Amino acid sequence: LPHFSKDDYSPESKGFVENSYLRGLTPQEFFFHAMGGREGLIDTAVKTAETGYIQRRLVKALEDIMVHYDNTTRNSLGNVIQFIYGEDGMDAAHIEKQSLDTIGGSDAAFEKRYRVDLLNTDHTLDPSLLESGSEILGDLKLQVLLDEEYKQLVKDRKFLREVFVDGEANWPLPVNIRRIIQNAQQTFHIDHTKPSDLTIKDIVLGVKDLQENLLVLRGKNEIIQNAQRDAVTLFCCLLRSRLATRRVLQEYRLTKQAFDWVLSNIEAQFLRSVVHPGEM
Amino acid sequence: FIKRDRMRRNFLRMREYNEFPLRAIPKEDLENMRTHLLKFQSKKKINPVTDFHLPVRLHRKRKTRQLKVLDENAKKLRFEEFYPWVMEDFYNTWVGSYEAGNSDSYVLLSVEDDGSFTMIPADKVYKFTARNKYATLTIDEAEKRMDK
Amino acid sequence: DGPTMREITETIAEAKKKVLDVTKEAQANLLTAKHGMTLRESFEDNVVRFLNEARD
Amino acid sequence: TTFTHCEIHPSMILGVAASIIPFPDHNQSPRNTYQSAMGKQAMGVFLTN
Amino acid sequence: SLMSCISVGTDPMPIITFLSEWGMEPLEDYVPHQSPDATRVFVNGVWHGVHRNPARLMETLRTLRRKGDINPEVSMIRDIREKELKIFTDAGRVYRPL
Amino acid sequence: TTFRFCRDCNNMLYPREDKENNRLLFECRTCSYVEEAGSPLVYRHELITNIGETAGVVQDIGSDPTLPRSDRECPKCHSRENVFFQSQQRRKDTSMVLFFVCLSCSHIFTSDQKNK
Amino acid sequence: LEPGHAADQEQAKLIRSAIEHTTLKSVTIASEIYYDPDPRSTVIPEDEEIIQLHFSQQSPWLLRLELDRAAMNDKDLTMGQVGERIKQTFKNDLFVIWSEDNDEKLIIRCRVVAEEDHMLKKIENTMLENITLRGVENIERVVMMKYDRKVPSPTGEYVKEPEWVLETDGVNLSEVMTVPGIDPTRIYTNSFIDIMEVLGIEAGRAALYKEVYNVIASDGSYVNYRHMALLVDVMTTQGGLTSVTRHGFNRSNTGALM
Amino acid sequence: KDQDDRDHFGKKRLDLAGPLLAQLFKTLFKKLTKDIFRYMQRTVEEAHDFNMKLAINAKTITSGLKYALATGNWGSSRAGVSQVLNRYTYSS
Amino acid sequence: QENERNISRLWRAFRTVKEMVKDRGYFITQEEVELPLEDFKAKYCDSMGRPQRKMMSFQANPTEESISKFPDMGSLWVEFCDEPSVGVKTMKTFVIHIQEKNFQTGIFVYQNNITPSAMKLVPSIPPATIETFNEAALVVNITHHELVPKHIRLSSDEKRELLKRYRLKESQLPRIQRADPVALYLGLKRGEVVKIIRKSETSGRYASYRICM
Ligand SMILES: [Zn+2]
Ligand SMILES: [Zn+2]
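For this deposited structure, the header cites cryo-EM as the method used and 3.4 Å as the resolution.

Novice: Can you break down the overall build of chain E residue by residue, with the values?
Specialist: Secondary structure assignment for chain E yields two helices and six strands. Mapped in sequence order, the helices and strands of chain E form the string β-α-β-β-α-β-β-β. Along the longest, intermediate and shortest principal axes, the C-alpha atoms of chain E span 50 × 25 × 20 Å. Scored against the burial criterion, the 98 residues of chain E give a buried share of 33%. Considering only contacts within chain E whose residues lie at least 6 apart along the sequence, 56% involve residues at least 24 apart. Surface accessibility of chain E: about 5,800 Å² in total, with carbon and sulfur atoms responsible for 56%. Chain E carries 13 positive and 13 negative side-chain charges, and their two centres are separated by 8 Å.

Novice: Let's hear about the packing of aromatic side chains: which residues, and what values?
Specialist: Any aromatic ring pair is given by two values, namely how distant the centres are and how the planes are angled relative to each other. Inspection of every chain in the model, using the stated rule, returns 31 aromatic pairs over all chains. Summarising the aromatic geometry, the rings of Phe 18 of chain E and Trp 22 of chain E are spaced 4.7 Å apart at their centres and angled 10° between planes, so their arrangement reads as stacked. By way of ring pairs, the aromatic residues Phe 40, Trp 85, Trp 94, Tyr 98, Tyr 126 and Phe 128 of chain B are connected into one cluster. Between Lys 18 of chain C and the ring centre of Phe 50 of chain C, over which it is positioned, the NZ or CZ distance is 5.6 Å. In this arrangement the basic side chain of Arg 40 of chain E is found over the ring face of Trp 47 of chain E, its NZ or CZ atom lying 6.0 Å from the centre.

Novice: Account for the coordination of the zinc ion (ligand 1), with residues named and values stated.
Specialist: All names here are of chain F. Those donors, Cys 6 (SG), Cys 9 (SG), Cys 28 (SG) and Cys 31 (SG), are the protein atoms that reach the zinc ion (ligand 1), and they lie 2.3 Å from it. One way to put it: the four donor atoms around the zinc ion (ligand 1) meet at angles of 94 to 123°, and that makes the site tetrahedral. Written as a sequence motif, the donor arrangement for the zinc ion (ligand 1) is C-x2-C-x18-C-x2-C. With a gap of 22 residues between them, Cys 6 in the segment before β1 (13–18) and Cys 28 in strand β2 (residues 23–28) connect regions that are remote in the sequence. Here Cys 6 and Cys 28 have matching classes, each one buried.

Novice: How would you sum up the interface of chain C and chain A? Please name residues and give values.
Specialist: If you look at the interface, chain C gives seven residues, while chain A gives five residues. Three residues, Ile 12, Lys 16 and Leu 51 of chain C, lead the burial of chain C against chain A; their summed loss comes to 54% of the area buried on that side. Our enumeration of links across chain C and chain A arrives at one salt bridge. Linking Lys 16 of chain C and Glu 18 of chain A is a salt bridge whose minimum nitrogen-to-oxygen distance equals 2.2 Å.

Novice: Can you break down the side chain of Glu 202 of chain G residue by residue, with the values?
Specialist: Considering the arrangement of structural elements, one finds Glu 202 of chain G in helix α7 (residues 192–219). On the basis of relative accessible area, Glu 202 of chain G is assigned to the buried category, the value being 6%. A polar contact is formed between the side chain of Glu 202 of chain G and the side chain of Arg 198 of chain I, at a distance of 3.5 Å. If we skip the residues at most four places from it in the chain, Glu 202 of chain G touches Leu 147, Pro 149, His 151, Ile 196, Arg 198 and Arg 210 of chain I.

Novice: Describe in detail the interface of chain G and chain I, supporting the description with residues and values.
Specialist: At the interface, 25 residues of chain G touch 26 residues of chain I. In total, chain G and chain I occlude about 2,000 Å² of area from one another, counting both sides; carbon and sulfur atoms represent 52% of this. When the buried area of chain G at its contact with chain I is split by residue, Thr 185, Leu 199 and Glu 202 of chain G rank highest and sum to 27% of it. Linking chain G with chain I are two salt bridges, by the criterion used here. The closest approach of N and O atoms between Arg 210 of chain I and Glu 202 of chain G, which form a salt bridge, is 2.2 Å. With eleven residues, α7 of chain G is the single largest residue contributor to the side of chain G that touches chain I. Counted by class, the side of chain G that touches chain I contains eleven nonpolar, eight polar and six charged residues.

Novice: So what's going on with the nonpolar core? Residues and values would help.
Specialist: If you look at the biggest cluster of nonpolar residues, it comprises 67 residues, and the most contacted ones within it are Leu 160, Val 216, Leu 239, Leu 254, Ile 266 and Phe 270 of chain A. Contact partners of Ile 266 of chain A, with chain neighbours within four places excluded, come to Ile 177, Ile 180, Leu 210, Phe 235 and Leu 239 of chain A. One finds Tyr 44, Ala 60, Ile 107 and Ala 183 of chain I within the second-largest nonpolar core, a separate group that totals 36 residues.

Novice: Please give an account of the pattern of salt bridges that cites residues and values.
Specialist: Oppositely charged side chains are able to pair whenever their charged atoms sit close together. This model, assessed by the stated rule, comprises 60 salt bridges over all chains. Across the salt bridge formed by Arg 78 of chain B and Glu 81 of chain B, the nearest N and O atoms sit 3.4 Å from each other. Given a relative accessible area of 22%, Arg 78 of chain B falls into the partly exposed group. Relative accessible area serves as the criterion here: at 23%, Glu 81 of chain B is assigned to the partly exposed category. One network of salt bridges, in which partners are shared, links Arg 44 and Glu 46 of chain F together with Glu 32, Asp 47, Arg 64, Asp 103, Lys 105 and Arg 109 of chain G.

Novice: Go over the sheet that holds strand β4 (residues 94–95) of chain B with me, naming the residues and quoting the values.
Specialist: By way of backbone hydrogen bonds, the strands of a sheet pair with one another, either parallel or antiparallel. Residue and element names in this part refer to chain B. Taken together, four strands build an open sheet; the order of strands is β2-β3-β4-β8 and the sheet is antiparallel. Among the strands making up the open sheet, the edge pair consists of β2 (59–60) and β8 (129–130). Summarising the sheet, strand β3 (residues 85–87) and β4 pair through two bridges and their orientation is antiparallel. From the neighbouring strand, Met 87 faces β4, where its bridge partner is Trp 94.

Novice: Account for the coordination of the zinc ion (ligand 2), naming residues and giving values.
Specialist: Six octahedral donors at a metal ideally form angles of 90 or 180 degrees, and four tetrahedral donors ideally form angles of 109.5 degrees. Residue and element names in this part refer to chain F. Distances from the zinc ion (ligand 2) to its protein donors, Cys 74 (SG), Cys 77 (SG), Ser 79 (OG), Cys 102 (SG) and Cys 105 (SG), fall at 2.3 to 2.7 Å. Of note, the zinc ion (ligand 2) draws all its donor residues from one chain, in the sequence arrangement C-x2-C-x1-S-x22-C-x2-C. A residue is classified by how much of its surface remains accessible, and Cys 77, at 40% relative accessible area, is partly exposed. Of the residues examined, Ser 79 reaches a relative accessible area of 14% and is grouped as buried.

Novice: Lay out the packing of helix α6 (residues 200–211) of chain A against helix α10 (residues 256–273) of chain A in plain terms, naming residues and giving numbers.
Specialist: Residue and element names in this part refer to chain A. Running from amino to carboxyl end, α6 crosses α10 at an angle of 15°, the nearest separation of the two axes being 11 Å. As far as their axial angle goes, α10 and α6 are roughly parallel. Judged by the sense of rotation from one axis to the other, the crossing of α6 with α10 is right-handed. Across the interface between the two elements, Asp 202, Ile 203, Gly 206, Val 207 and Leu 210 from α6 touch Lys 256, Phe 259, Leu 263, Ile 266 and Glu 267 from α10. For the contact of α6 with α10, the residue count by class is six nonpolar, one polar and three charged.

Novice: Go over the domain arrangement of chain I, please, and point to the residues and values.
Specialist: All names here are of chain I. The domain boundaries assigned to chain I delineate domain 1 (1–140) and domain 2 (141–213). Of note, the centres of domain 1 and domain 2, computed from C-alpha atoms alone, are 25 Å apart. Facing eleven residues of domain 1, the contacting portion of domain 2 comprises eleven residues. Summed over both partners, the interface of domain 1 with domain 2 comes to about 950 Å²; 51% of that surface belongs to carbon and sulfur atoms.

Novice: Can you lay out the pairing of strand β8 (residues 158–166) of chain G for me, pointing to particular residues and giving the numbers?
Specialist: Residue and element names in this part refer to chain G. Summarising the sheet, strand β7 (residues 144–152) and β8 pair through nine bridges and their orientation is antiparallel. Note on β8: the bridge partner recorded for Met 144 is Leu 166. Connecting the antiparallel pair β7 and β8 is a turn made up of five residues, with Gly 156 showing a positive phi of about 135°.

Novice: I'd like a description of the environment of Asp 197 of chain A, backed by residues and values.
Specialist: Residue and element names in this part refer to chain A. Counting through the fold element by element, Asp 197 comes out in the loop between α5 (177–188) and α6. Between the C-alpha atom of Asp 197 and that of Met 90, which follows or precedes it by 107 residues, the distance is 35 Å. Beyond its immediate sequence surroundings of up to four residues, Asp 197 is in contact with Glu 131, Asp 202, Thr 255 and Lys 256. Side-chain polar atoms of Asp 197 contact the side chain of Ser 196, separated by 3.4 Å. At a separation of 3.2 Å, a polar atom in the side chain of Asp 197 contacts the main-chain amide nitrogen of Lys 256.

Novice: How would you explain the environment of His 51 of chain E if you had to name every residue and give the values?
Specialist: Residue and element names in this part refer to chain E. Tracing the backbone shows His 51 in strand β3 (residues 46–51). Using a relative accessible area of 7% as the deciding quantity, one classes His 51 as buried. It is 9.5 Å that separates the C-alpha atoms of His 51 and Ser 35, two residues lying 16 residues apart in sequence. Contact partners of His 51, with chain neighbours within four places excluded, come to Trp 22, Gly 23, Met 24, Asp 37, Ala 38, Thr 39, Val 41 and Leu 57. Within polar-contact distance, the side chain of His 51 engages the backbone nitrogen of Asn 53 at 2.9 Å.

Novice: Could you give an account of the packing of α7 of chain G against helix α8 (residues 225–235) of chain G, with specific residues and numbers?
Specialist: Residue and element names in this part refer to chain G. Direction vectors running N to C along α7 and α8 enclose 135°, while the axes themselves pass 10 Å from each other. By the angle between their axes, α7 is oblique relative to α8. Judged by the twist between their axes, the crossing of α7 over α8 is right-handed. The segment α7 lies against α8, with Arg 205, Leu 208, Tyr 209, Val 212, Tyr 213 and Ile 216 engaging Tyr 225, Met 228, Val 232, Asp 233 and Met 235. Class assignment of the residues belonging to the contact of α7 with α8 gives a composition of nine nonpolar, no polar and two charged.

Conventions used here
Residues numbered from 1 in each chain as written, not as in the entry; some residues may be left out. Chains lettered and ligands numbered in written order. Part of a larger assembly, values for the part shown. Heavy atoms only, no water. Residues with missing side-chain atoms left out of burial classes, pairs and counts. Helix = DSSP H or I, 4+ residues; strand = E, 2+ residues; numbered from the N terminus. Buried < 20%, exposed > 50% of the residue type's maximum accessible area, 1.4 Å probe, protein only. Contact = heavy atoms within 4.5 Å. Areas by Shrake-Rupley, 256 points an atom, 1.4 Å probe, with all protein chains shown as cover. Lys, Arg positive; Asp, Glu negative; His and termini not counted. Charge placed at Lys NZ, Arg CZ, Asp CG, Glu CD. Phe/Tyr/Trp six-rings, centres within 6.5 Å; stacked < 30°, edge-to-face > 60°. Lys NZ or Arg CZ within 6 Å of the ring centre and 35° of its normal. Donors = N, O, S within 2.8 Å, 3.2 Å for Na, K, Ca; no water. Tetrahedral: all angles 85-135°; square planar, octahedral: opposite > 155°, others 65-115°. Buried area = accessible area lost by both parts, 1.4 Å probe. Salt bridge = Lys/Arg side-chain N within 4 Å of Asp/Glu carboxyl O. Polar contact = N/O pair within 3.5 Å; in protein donor to acceptor, adjacent residues only side chain to side chain. Nonpolar A, V, L, I, M, F, W, Y, C, P; charged D, E, K, R; others polar. Core = buried A, V, L, I, M, F, W, Y, C linked by side-chain atoms within 4.5 Å. Pairing = 2+ DSSP bridges. Axes fitted to C-alpha atoms, helices over the stretch in contact; angles between N-to-C directions. Parallel < 35°, antiparallel > 145°, perpendicular 65-115°, else oblique. Left-handed = near helix turned anticlockwise from the far one by under 90°. Domains from an automatic or database assignment.

Right under this line is the structure:
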């Protein structure tokens, strides 16, 4: 602006503004502030008209892609786009960020939260937490079961350390387990400082059986069943991660009543959260 | 911090040397005669046509009704005089074109035999240019060659 | 607070200082843009940062 | 130094529409632009006759 | 703006006339090589000619406008940098008072 | 660059190597006129520029309205009034350094220090 | 970079040169064409010691041009290899004599075995124009940049490991991936088309995901992984990327009235 | 020197009503010049009687402007130049 | 130096190749694949320093298990070229060298290109087919990149199985193109379908299928 000499790059010349809307603007400043204020408006105007048009196009592209009654995603013609919808066949609305408590932290803490020992002593389960605990100590039919599952969670860690390569420990997932735990606690009053009435065999098997009933896919063909293992592959990895025996016993301290009502629920809500078919 | 107007109440209240004579040349000779001004572009110091070459030869080188466009006479006359003026030998050659920029306000002081002078208006000026001196011309000979 | 207005002005000041300082550094021919951007463009990022951060 | 002109008054860089905004120097420019459009369909009394 | 009007322009003849009688040598006679620093003089995009001392020339033009002799619509720019003097008498330009 | 023009033709004097004398001439490709080679150079490209950065400098330079001001002396006159501006090479990547001009003797002097 | 030589600055610098396009003209100062009648003794005084100490039949049109120290240092080079290139570029026909690294005046000249001066002009052009001196085509401003890469600590946690990253502008995916010292398994390109043609549709699709999820992430909002993942899997169903345009899918046999 | 900005406001001009009517008038005046000439040509070419009112069709202009105001059509070749005035409120 | 730069680039390319045919199914011991640069030099660089592409090419035979799933898979030869551009007559030796040996298919690895006419000589021995590769492209095993999920051929029988489990025609599958590298890396053919194990974040594992067009 001519009210200045040339080569004057000074902040106030090139268009700083160092008052604030309270104490008014000085002609040069005011003019300047018009400049940017318009620039937004132009941008707003176009950035809509590009958006409105753009968005319209994508509508016609993905115009009729539907989920047919096999959880596979093909246009009118039938050209299969996605073999399992969204790659895991869960509807959108029933997702929540939840935490993958097997992938963060150290092995040390990992063990510490998970590693249960009966023959030896190192991470000895304290028998008080449940009835059988006293005579459990040093048994063998069970100790193996620990070694079995605890192996698996590690095989879930190598698995997940890979899958997410940056150790992100939160993801969208179907049914929020966390609340299911809490509802339980606050519907049978986990009266702490007590032995519970759940056996190690109560825990692991009922879980095993649980996983077998999150039927995303209904077939019986080694094709269909394959996807099933690879549908819930993650959502299981969480579930086991949560319901590690120690955790359930040591912290959540469920009863029989709590535990079955829980599992029966996780089934139910999951089945809701299945992507519906016929949804465009 | 207000708006005040009646200050009309205030404002109406606050209110050696050598002579060399001249002569406008007789007019009859002008009436019969046309003279004009030569200019050259030779960049030669004087280029006196005396030392140019001889000889010198300077010269220019029933139905129904209809609509005629309209022009002023001097333009038609001068347009008609499109034949460029050419002085020759039979050896070098000179041609020029009209300039129309500086023919208006121009009177000449003929240094007569006397120290006096006469004043003579300017009719035309021309700009003769030497040409064909190194005599290369390829009218369509380099033209068709050009497209290469 | 009438006082904290003072400090705003101080923060305004340091900027201009932080702005004026930089400027001569370029005119002294004594500026290095790091590898990738010209003298002037680096001069810009040098400045405009100083302004936004000061305002902020 | 070498001033050769002084503005008559800077508030004379506004259109008809703008100089009806009070304190157009305290607002956020697009507001003004919005205001500019709006009076033109403010009702009033357009012409006394 | 409030304080804007438009040049409804005029004839440029009297203007040219002035510079003619005022040292604006005709163009045709321009010989640059020997007159390196002539200031070009334009009118309405018509480069009429050149000049050797524009400084006085300019101010003379100013007063001659401010006298009201030249019409005030006339806008005269002296690009001191480019030895170019520009002048416009055009109908359709936009100007304001200072 | 810096190439002569014919005489009595005034046309550009192109290089013509003399093979006999083992040297270069310069001719009017319009006429006969030719002339020898006075500088063993022929051409040059000179990609870089630090030329002209003082354009517009006139002994009438101060009369400009809007070059702002300072006080440094003439490195010759010791005359401490002068006016400044920036590199006339209004190229992109040019540096900022400021060109000053004495107003006693128009003495040019810039403001960079790394090389005078 | 190489995972061993990851966050290793020198290594980063060692590659840093290796890929940045370096044309001849990018660095040369000024070129003067000339006349030295003698094929042996150079007209200008100075170059002679560079003649004999090379000279310890030819054309006289002695082309001269100059390098800057700094940029010849910025892209650290020597002018032997340059000519060795230049010689191998043409032949052993153009006799190229280079001032040495010890020389303050980085000057290099040549001569050849109508008017030769004009080919030289053609000749000196290509030299400046199309002779890269090193670094891949189309690639300039090998811009360093430091990042954190959450590696697992040897303990079980992650830690924000710092490291050096080679930014760039231009894309020659093919060559760069083949450069020694880099890590090909993890090469990411701003434009995905290359990726497809270089790494096949499934990478491209995956790369396309990367490219979309950025845009939303840049903004700040979040959209379910479902949706973009669905869209991305439309375009690449026909095999090979597909625009979403007139020419994208209306060029598919997908119902007329649609 | 830099590339010219084509938007520096000084390089603009505002063809206000005056110059705009000129365009409209000037061209429309041609349509007069041609026509009389045409009729003039005919009457002689057939020795008819030279009458003025047939010779000049006045509508040629009056109809031209009145239309070309009434709609911003300006020939076609241009529109958006004439509006109804906006008498909402004084400032409008 | 540049020869030395070459040698690695050859060394790499060789190593890459081993893996290629290691993945169509053939029998190549892990260590063999992974001889360091040094051995490569002594084994195939001559005395002075040149490597012999002529005695560095070789034959392949599927692992028996490869044979097990696909009865057709036959021995396989691979060839490089010493000509930095490939004469027809030179590859005339090749195809008939195949024909004598009768590999079921065989794969050429030029360094720049071939006399165009010889590619006319290529699709010439049905059933036995030829695969041709820039040495240069083979420098980096694109498969090894992050974004290359696994792929596998299928027994037609498996592919046969698939549709009848989803009730599909071959046509409305998602596709790849024979042009696409991963095809070329696998040597795909019209209608060869590919299970693509993909490590997909919303289920950990997602698998897809394309049909080589
Ligand atoms: Zn000549
Ligand atoms: Zn001085």
